[PDB]
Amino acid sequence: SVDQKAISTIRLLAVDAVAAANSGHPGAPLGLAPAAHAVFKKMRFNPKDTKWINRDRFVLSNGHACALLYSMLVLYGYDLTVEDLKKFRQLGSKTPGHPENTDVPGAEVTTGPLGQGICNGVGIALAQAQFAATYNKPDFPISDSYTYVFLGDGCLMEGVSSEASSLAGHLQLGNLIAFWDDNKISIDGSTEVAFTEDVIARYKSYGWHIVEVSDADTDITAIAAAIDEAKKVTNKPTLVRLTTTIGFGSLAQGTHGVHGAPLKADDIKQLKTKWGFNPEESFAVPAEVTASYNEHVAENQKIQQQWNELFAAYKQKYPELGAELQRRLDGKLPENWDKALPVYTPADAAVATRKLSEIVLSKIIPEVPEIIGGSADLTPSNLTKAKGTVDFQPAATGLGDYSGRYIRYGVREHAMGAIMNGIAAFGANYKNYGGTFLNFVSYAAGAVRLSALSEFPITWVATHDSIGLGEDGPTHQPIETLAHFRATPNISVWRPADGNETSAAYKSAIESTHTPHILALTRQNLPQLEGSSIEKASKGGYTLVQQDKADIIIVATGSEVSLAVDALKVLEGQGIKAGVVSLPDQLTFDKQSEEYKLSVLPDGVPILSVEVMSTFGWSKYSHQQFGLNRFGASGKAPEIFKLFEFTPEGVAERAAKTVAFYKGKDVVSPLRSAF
């Protein structure tokens, strides 16, 4: 049949791509081709408009199987061709060894690190539910799309997928349909060696619906029926168990050897001849397959055309909601939204930056509907919920509604991070955030790095940033954390010192379109600084206190800026004149002009950094570094600062030693380099 021919075409494109690269993973593509064919035939999508907001989304969570995804995209006429398949895994190609949303048309997210994609799918589905609750009206199903996810055994072993699956079941996300490639083979061999749990029983315990397809190597009728069944269960996410043979058709089918290496050439020949293809030919695309797939594309394009007319009619019937929706689909924030950001003066009271963050959120959430977010069971500590908002919950619970804006993630940092990526991936200008303690952002490093690589504008509201948290002690006090994330490409790491800087940090985080943000916020109160403003802090680094005859400049962040200002006064009594630079975001600063940066960190003056955590990275901006390169302590925070000499006198002593160390030396800016 043409369907059988399509499945063979998919299988053979994937195997031929792996063969051409002499690298990659043929097994899961061979096993999952029937399911991929069946699912894409049920999906609504436009290969010529990858951003249609009412498309069904597909996520390949088992990203190593990407030769399968690329084959589907090529067959359906996305902006990806057989010539791109021939360049699978080759430097600079559009067919990298794991899918990248920035590079691959039709890749919704970046997968490859196991466990992530299913969580991303939870986030896409969460966003779709929130979006539909916000915009749909009687006779106006603006959003009614599904989220389809393929996943393997490795994904099911990773704890992040358990977190997201527990939460998705709690949230009754009925438009999520996941498919488990139940092939009983991982890299170490049989799943009997390490993975003998009853997966189906576990998913039932989370509140998922289950459909089992016992012969998923061939039974596309049953796979299609499973999708229909899943669509009838509107209050549970569904897991479809696809019992497959890894490498189906290969001489080496059902073995670990077909997971992750190219097939032998003789194996590929017998595959082709068993399926009616020419064993002398590679990258074959039968025209009948193209015709069949084109018919589905044409039907989908008519569906999108009708959706566009529905949207036009919606804008007439619901003028304000329609304009809001249009603005969001154009990727634009509300005009002058930032006028809602709070502004402070030096006469205002001292406030913890966690509380300043609460106040910002309270002002901007009512003004910017595309902001949603939550906390990982730290709502009353992170201060992440605006008063007067309702939680995102299924209405059946009585605890919220899908129109809600605040997500109770539970104690699930890693899944929160990956769900945030999925919410961003949904689109519609979502600007979403997640709160935890800064030290526990590290639990989510797998997802955070993918936010950076995927260029998603997500925001971590990361409170309790340092030893300033006090009594909870060294298991809670960050040391390495900002160095880790600052060393990751494309992460804005804001550590605001005061009210104006906190508003600048949020301005950056909400305006972002391609850069994730981490906001490192304090438990303890900090004073409003003389010299701070949103304008200056928006440059990432700025001169807080200018001293034309400076003997030293102190560069600091966060809670240490006020410390530096106090040290300047001690130094004045020692006959040393200091300037102060505040560096609330190193990435934003780095992006400023060379001349701007040199105006902040000039030649001809020693520069000392002060920040109560690792000194890594700080030599970019300073000659000497005063930091904390050991673990913390359990005690009242001011006593810990005193112990480690993060006091005005301790900073002054080190500043004076710095001045003395550079006596008789020629000093150039830390910004200078040889290459």
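Each form is matched to the other, and the largest set of C-alpha atoms that superpose within 1.5 Å is called the rigid core. Throughout, we count residues from 1 along the sequence that is shown.
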*asked:* I'd like to know which segment deviates more from the shown structure in 6 other deposited structures of this protein: 374 to 382 or 314 to 322, using C-alpha RMS over all structures and residues after a core fit.
replied: 374 to 382
*Rigid core fitted first, then name the stretch among 272 to 280 and 383 to 391 whose C-alphas deviate most from the displayed form in 6 other deposited structures of this protein.*
383 to 391
*May I ask you to compare 272 to 280 and 232 to 240 by their mean CA B factor in the entry and name the higher one?*
272 to 280
_403 to 411 versus 359 to 367 - which carries the larger mean C-alpha B factor in the record_ = 359 to 367
_202, 315, 464, 495, ranked by C-alpha B-factor: the highest one_ = 315
*Can you pull the Cα B-factors for 524, 481, 101, 172 from the entry and say which is highest?*
524
*Is the Cα B-factor recorded for residue 620 in the lowest, middle or highest third of its chain?*
middle
*How does residue 141 rank on Cα B-factor within its chain, lowest, middle or highest third?*
highest
*Grab the CA temperature factor for residue 256 from the record and place it in the lowest, middle or highest third of its chain.*
highest
*Once the chain's modelled residues are ordered by C-alpha B factor and cut into thirds, is residue 449 in the lowest, middle or highest one?*
lowest
_Could you place residue 15 in the lowest, middle or highest third of its chain by Cα temperature factor, using the values in the record?_
middle
